[PDB]
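Enquirer: Quick mapping for you: the protein sequence lines, in order, are chains A and B. The first sequence lines up with residues 1 to 258, 264 to 542 when you count with the entry's author numbering. The second sequence lines up with residues 4 to 258, 265 to 540 when you count with the entry's author numbering. Quick one: the structure is below, and I'll ask about it shortly.
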Amino acid sequence: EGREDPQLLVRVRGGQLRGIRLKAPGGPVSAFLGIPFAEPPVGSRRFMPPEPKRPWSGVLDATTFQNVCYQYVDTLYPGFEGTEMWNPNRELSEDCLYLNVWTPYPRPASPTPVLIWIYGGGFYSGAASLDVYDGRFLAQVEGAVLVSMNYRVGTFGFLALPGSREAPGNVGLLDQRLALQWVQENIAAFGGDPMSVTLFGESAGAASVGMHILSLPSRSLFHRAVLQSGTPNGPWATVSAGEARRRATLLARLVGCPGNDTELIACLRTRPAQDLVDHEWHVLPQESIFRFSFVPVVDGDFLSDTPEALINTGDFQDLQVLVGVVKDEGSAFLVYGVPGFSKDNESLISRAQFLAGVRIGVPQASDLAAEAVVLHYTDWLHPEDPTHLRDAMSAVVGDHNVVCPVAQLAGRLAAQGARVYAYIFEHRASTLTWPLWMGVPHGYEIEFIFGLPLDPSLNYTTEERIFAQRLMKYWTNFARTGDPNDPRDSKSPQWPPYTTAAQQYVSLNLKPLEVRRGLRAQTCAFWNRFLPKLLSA
Amino acid sequence: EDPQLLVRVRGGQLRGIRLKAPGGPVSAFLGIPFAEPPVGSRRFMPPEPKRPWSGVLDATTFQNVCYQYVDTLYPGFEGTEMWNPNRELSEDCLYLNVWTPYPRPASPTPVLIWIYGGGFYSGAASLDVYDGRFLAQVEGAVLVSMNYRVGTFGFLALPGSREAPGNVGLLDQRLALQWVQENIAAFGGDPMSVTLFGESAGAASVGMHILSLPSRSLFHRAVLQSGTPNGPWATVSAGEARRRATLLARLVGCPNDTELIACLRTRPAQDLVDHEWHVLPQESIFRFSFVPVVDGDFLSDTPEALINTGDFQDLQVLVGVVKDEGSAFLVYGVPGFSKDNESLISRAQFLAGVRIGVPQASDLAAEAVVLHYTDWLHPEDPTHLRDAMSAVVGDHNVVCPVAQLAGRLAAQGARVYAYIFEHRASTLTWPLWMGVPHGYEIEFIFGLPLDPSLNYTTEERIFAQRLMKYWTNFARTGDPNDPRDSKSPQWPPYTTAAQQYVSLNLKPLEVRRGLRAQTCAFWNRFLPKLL
Ligand SMILES: C[N+](C)(C)CCCCCCCCCC[N+](C)(C)C
């Protein structure tokens, strides 16, 4: 300990940690990377709820990110930045339950609001160690204390035989909850305020934030929530108990595992990690995009009912939420399975290809429902136009899966006492390597929120760097106060709360805040109010 | 004896009357018999041609109006009285009217034939709004209008029977059409240039002559104003007509087909009219009990099947709608609606209204209509709900059937011109909220604003002149554009890709694209697949 930097030695419940002094553009920050918050969920602990980390002795080195949770690695376009930046940047292992802390350097004098980030990746991938999730900018410029955790994905995190003890389901949400409990117990050691914790997340991260909102034990572990482009309701974020059982049973069958729950899980346990990954996609009921095999399950425990039933009957009075979407939520998903679509051409499609694409984007639709979608999205002045058909296909996937479930969520939370703020994110990064026709794709607001444009060596424009500063300001103000608006700041335009009466939300882009009314309101009535009844009768 | 008012037709000699038009004299020949009176045992039967007469037949007045229900919703109000019979009611009513220039056209003149509307249960060729003198005088047109049988009298069918075969009101129209072929040259008309035009049930009539072979050699061009033979109200199936005829008979104490019609023929006219409205299967508006039947004869198949398979290559058609087709219909049955208040309604009332406006809708289809017409920023605003109700009725019954017809005729070789009429008459007595109601362009097409004693504005007099010019240019050439006027924009043909149509209002022609295209996709393409 003699010669170490005194500002980097911290004790937590399990013992002593040494962090690292990192350079941010404006000055130094403190990082504590790869803190274990759980016993390594390996061997007989696969599929199992996580157990609190046993204390170590000596000084645990927390200067590097730890292993990423075992997952499928995207290889659709090897070498391409657009996909590689989401791929694991550390070795895969089932031994992966670690979290990461960024704080100002020196650590703040007085209790500081805490941001907890939950990554996305369809519940089958992701990592808290990705460059785009780097907490140094928020820690340095805003003084934030930032935490992000690994949680198990795919089979390891969500394979379930509901009702059993050996694979209860939702263990990936349980990992996240453990990390939240860790933050309650330990964040003060870092100068964080456990009495002011904001969750934020994008995609499946956002659906996770959503599920902590809807799960009572989690509710005492945070105060405010930010859902970016993801919701707990909707067609992909959860499965019924029955459907989870079918999928788990089929996967077991496909890897050579024969009847009752104990035998079946013991055999899966047993199989090499890569084996479960190699077969994970084979268990989906239909040809489809935006569907993932192993997701949170409606177990009657972590989720005591469907998310739809819970948002409809909950009282959300003590709650402040920020929710929003990007302009082109669906575009990037199309190249993963809709024929006619590719990142290396303009992807102009015919009416045939559009109808075939709808059956893949809306796998649960009968021929009547699919016709309804195709008719709703047709441009009747130019019904054969391949540019519009291509943008229709993107909007279908984007609206059904993200925009309309978000609009629905905002509407329910507002109606039942929550303070809600809503945005559509509309700026395409000058650095984006996906094609122009993809517009502003899923995930590309992250990036600005974490303030990467502030790095002089990333080649963003000055306007983009200013924009990043604005977004960090809204996000941390929300964390700080429950309100994204700057209280001191006279000259600026105000971001109003979303309400059922006025349906007000804001545009985030290079221009000042513009207030808009109704979030794809006509189309969301189609998806949220009409389409369900069609699929019912 | 004025020689310009003496004409010899095939049935004998006729004498008309010199009328005053603001510009000058016209010749009128009113009450020319074109058929034997369909009385007694000819009730419900095809018309037979009129027997020859002797001496000189006095054709100087409108004859009886065909027996029909008379609207008593608002007694003595102009808005409804102007559509009511203005002559005596009678089963003896098969008379037609002819206006020509004075003196009579020197050279063969294109002929316009007017077929009145009135839901197939009413109307007369004798209403002031159908006055042919203006078109005759200003544009030099030969105009013909005929009475045809309506209600039980024109349309009660026992399909398959000798004695009530159905569609006899259309056969009356056809007989008047053949009569024009045989006689109009005596008036200086050109039997080689005949244009049908009609509004509402009369537009549906025109459309049926387009879809019926024997009619097709009696006219060259057609105008369909605010109605079509396709759509939910213009035809019934053979089975549905038999159901209705049998029910009417039962309601009047009658009694095999022969015995049932025999007893119906013994019933006074008014006893039949009395129970006319009790036979509809559902409480509804924009539905009429006795309309053309798909008999397998006049109509060899449903209008939809016929427009989908027809070759319409030698045909020109003008079609259009007024801006607020459904509004006038709401006060005739929808709870919450009245001409004497602003008719602000609730959401509950909108759905109750949809059940009456779209009577064939299931709960789910009714929900689809309601969801589609809702304004999602103000889902409770009473003004929008009221206007939506009007749009549901207008789109479902008129606008979207018109769009379908236009699309099909153009896809299959017809030259098609389409319009939306958007001028509300300064003289109109319906309330402002009704906008521009069903029927209210006829006024202008006939050129009534050219009458100084009616005091339309000067701008309306000019407007009326433009529309008379369009309509007769079209009758003259199958194209409403003025073949010597070198002025923009030209009214372009409606085609299935560009979907160009024009708005007729006080301002010059504006070309628009897509006739409520999104909404018509809902009615024409989704909603049927739903039921
Ligand atoms: C591998 N298969 C074909 C079986 C499934 C791939 C699932 C699609 C992944 C989403 C792509 C969006 C990219 C950007 N992010 C995820 C960051 C928003």
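Heads up, the beta-carbon is just placed ideally off N, CA and C, and yes, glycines get one too.
#1: Please state whether the Cβ-Cβ distance between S309/A and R247/A is less than 8 Å.
#2: Which word fits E313/A, buried or exposed, when buried means at least 16 other C-beta atoms lie within 10 angstroms of its C-beta?
#3: Nearest to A374/B by alpha carbon, out of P446/B, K332/B, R395/B, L539/B?
#4: Spatial neighbours of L281/A within its chain, please: C-beta separation below 6 Å, excluding the five flanking residues on both sides.
#5: Roughly how many angstroms lie between the CA atoms of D266/A and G163/A, to the nearest whole one?
#6: Show which residues of chain A have a CB atom less than 9 Å away from the CB atom of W500/B.
#7: Chain A partners of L418/B, CB-CB under 7 Å?
#8: I'd like to know whether the C-beta of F535/A is nearer than 8 Å to at least one C-beta of chain B.
#9: Starting from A427/A and walking both ways along the beta strand (DSSP E), at which residues does that stretch end?
#10: Please tell me whether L414/B has its Cβ less than 8 Å away from any Cβ of chain A.
#11: Could you give the distance in angstroms between the alpha-carbon of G305/A and the alpha-carbon of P194/A?
#12: Between which two residues does the alpha helix (DSSP H) holding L539/A run?
#13: Would you please state the rounded distance, in angstroms, between the beta carbons of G444/B and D333/B? I believe it to be under 8 Å.
#14: Just the C-alpha distance for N406/B and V402/A, rounded to the nearest angstrom, thanks.
#15: Mind listing which residues have their beta carbon within less than 5 Å of any non-hydrogen atom of ligand 1? Chain order is fine.
#16: Is the segment 179–189 of chain B touching the segment 282–290 of chain B, taking contact as three or more C-beta pairs under 8 Å?
#17: Tell me whether the segment 60–73 of chain B and the segment 520–535 of chain A touch, counting them as touching only if at least three CB pairs, one residue from each stretch, are closer than 8 Å.
#18: From the beta carbon of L373/B, is the nearest beta carbon of chain A less than 8 Å away?
#19: So which residues on chain B does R522/A lean against when the C-beta distance must stay under 8 Å?
#20: Just checking: is the beta-carbon of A526/B within a distance shorter than 8 Å of some beta-carbon in chain A?
#21: Within 8 Å (strictly less), CB to CB, does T383/B reach chain A?
#22: Report the neighbours of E376/B on chain A: residues whose CB is nearer than 8 Å to its CB, in chain order.
#23: Please confirm whether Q509/B has its beta-carbon closer than 8 Å to some beta-carbon of chain A.
#24: Output the distance between the C-alpha atoms of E243/A and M48/A, rounded to the nearest integer angstrom.
#25: Less than 8 Å between the CB atoms is what I'm expecting for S352/B and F346/B, so what's the real figure, rounded?
#26: Please report whether the beta-carbon of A128/A lies at a distance below 8 Å from any beta-carbon of chain B.
#27: Indicate the three-state DSSP secondary structure (helix, strand or coil) for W286/B in the structure shown.
#28: Using a Cβ cut-off of 9 Å, pull out every chain A residue sitting near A427/B, in sequence order please.
#29: Just to make sure I have the definition right: I need the residues of chain A whose C-beta is within less than 7 Å of the C-beta of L174/B. Which are they?
#30: Which residue from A24/A, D5/A, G172/A, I116/A puts its Cα closest to that of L457/A?
#31: With H, G and I counted as helix, E and B as strand and the rest as coil, what does DSSP make of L214/A?
#32: Report yes or no: is there a C-beta of chain B within less than 8 Å of the C-beta of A530/A?
#33: Of all the CB atoms in chain B, is at least one closer than 8 Å to the CB of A370/A?
#34: At least one CB of chain B closer than 8 Å to the CB of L380/A: is that the case?
#35: Which first and last residues belong to the alpha helix (DSSP H) in which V171/A is found?
#36: Looking at C-beta atoms only, is the number of pairs between the segment 368–388 of chain B and the segment 489–500 of chain B that lie closer than 8 Å three or more?
Expert: So, to answer that:
#1: In the first sequence, residue 309/A corresponds to position 304, counting from 1. In the first sequence, residue 247/A corresponds to position 247, counting from 1. The criterion of a C-beta distance shorter than 8 Å is not satisfied by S309/A and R247/A.
#2: Translated into positions along the first sequence, residue 313/A becomes position 308. Flag for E313/A reads buried.
#3: Position 365 of the second sequence, counting from 1, holds the residue named residue 374/B. Of the listed residues, the one whose Cα sits closest to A374/B is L539/B.
#4: The count along the first sequence starts at 1 and reaches residue 281/A at position 276. Closer than 6 Å at Cβ, skipping near neighbours: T155.
#5: For the purposes of this step, residue 266/A is identified with residue 261 of the first sequence, where counting begins at 1. For the purposes of this step, residue 163/A is identified with residue 163 of the first sequence, where counting begins at 1. If you take the alpha carbons of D266/A and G163/A, they lie about 9 Å apart.
#6: On the second sequence, position 491 is the one that residue 500/B refers to. Within 9 Å Cβ-Cβ: nothing; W500/B doesn't reach chain A, min ~19 Å.
#7: As a working note, residue 418/B is residue 409 in the second sequence. The premise fails here: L418/B is roughly 18 Å from chain A at the closest Cβ pair, so nothing lies under 7 Å.
#8: Here residue 535/A refers to the residue found at position 530 of the first sequence. At a cut-off of 8 Å, the C-beta of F535/A has a neighbouring C-beta in chain B.
#9: Taking the first sequence and counting its residues from 1, one reaches residue 427/A at position 422. In the DSSP annotation of this structure, the continuous segment of the beta strand (DSSP E) that includes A427/A starts and ends at 424–430.
#10: For the purposes of this step, residue 414/B is taken as residue 405 along the second sequence, with counting starting at 1. Nearest CB-CB separation between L414/B and chain A: not below the 8 Å threshold.
#11: In the first sequence, the residue the question calls residue 305/A occupies position 300. In the first sequence, the residue the question calls residue 194/A occupies position 194. Spanning the two alpha carbons is a distance of roughly 29 Å.
#12: One-based indexing of the first sequence puts residue 539/A at position 534. Under the DSSP assignment, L539/A falls in the alpha helix (DSSP H) whose first and last residues are 536–541.
#13: Within the second sequence, residue 444/B is the residue found at index 435, counting from 1. Within the second sequence, residue 333/B is the residue found at index 324, counting from 1. At roughly 3 Å, the Cβ-Cβ gap stays under 8 Å, so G444/B and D333/B are in contact.
#14: Translated into positions along the second sequence, residue 406/B becomes position 397. Translated into positions along the first sequence, residue 402/A becomes position 397. In this structure, the straight-line span from the alpha carbon of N406/B to that of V402/A is close to 35 Å.
#15: Any residue whose Cβ sits closer than 5 Å to a heavy atom of ligand 1 makes the list: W86/A, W286/A, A337/A, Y341/A, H447/A, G448/A.
#16: In short, these stretches do not touch, since the Cβ pair count stays below three.
#17: The segment 60–73 of chain B and the segment 520–535 of chain A do not touch, with fewer than 3 CB-CB distances between them shorter than 8 Å.
#18: In the second sequence, the residue the question calls residue 373/B occupies position 364. Chain A contact via Cβ: present.
#19: For the purposes of this step, residue 522/A is identified with residue 517 of the first sequence, where counting begins at 1. The contacting residues are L386.
#20: For the purposes of this step, residue 526/B is identified with residue 517 of the second sequence, where counting begins at 1. Output row for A526/B: interface = yes.
#21: For the purposes of this step, residue 383/B is taken as the residue at position 374 of the second sequence. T383/B has a beta carbon lying within less than 8 Å of a beta carbon in chain A.
#22: Working through the second sequence from its first residue, we reach residue 376/B at position 367. Within chain A, the residues near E376/B are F535, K538.
#23: The sequence position of residue 509/B within the second sequence is 500, counting from 1. Put simply, the CB of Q509/B is far from chain A, with every gap to its CB atoms at 8 Å or more.
#24: Here residue 243/A refers to the residue found at position 243 when the first sequence is read from its first residue. Here residue 48/A refers to the residue found at position 48 when the first sequence is read from its first residue. Roughly 19 Å separates the two Cα atoms.
#25: Stepping through the second sequence from its first residue, residue 352/B is reached at position 343. Stepping through the second sequence from its first residue, residue 346/B is reached at position 337. Confirmed, Cβ separation roughly 5 Å.
#26: Reading the first sequence from its first residue, position 128 is the one you call residue 128/A. For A128/A, the answer is no, since every Cβ of chain B falls outside 8 Å of its Cβ.
#27: Residue mapping note: residue 286/B aligns to position 277 of the second sequence, counting from 1. Looking at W286/B - three-state DSSP - the assignment turns out to be helix.
#28: Within the second sequence, residue 427/B is the residue found at index 418, counting from 1. Counting only Cβ-Cβ distances below 9 Å, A427/B has no contacts in chain A at all, with the closest Cβ about 15 Å away.
#29: Within the second sequence, residue 174/B is the residue found at index 171, counting from 1. Chain A residues near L174/B: none, gap ~39 Å exceeds 7 Å.
#30: Reading the first sequence from its first residue, position 452 is the one you call residue 457/A. Minimum Cα distance to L457/A is reached at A24/A.
#31: For this step, residue 214/A is matched to residue 214 along the first sequence. The three-state reading of DSSP puts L214/A in coil, since its state is none of H, G, I, E or B.
#32: Start at 1 with the first residue of the first sequence, and residue 530/A comes out as number 525. Taking Cβ atoms only, chain B reaches closer than 8 Å to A530/A, which makes this a yes.
#33: The sequence position of residue 370/A within the first sequence is 365, counting from 1. Interface with chain B (8 Å Cβ-Cβ cutoff): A370/A is excluded.
#34: By one-based count along the first sequence, residue 380/A stands at place 375. Yes, contact with chain B.
#35: Start at 1 with the first residue of the first sequence, and residue 171/A comes out as number 171. Residues 171–186.
#36: No, they do not touch.
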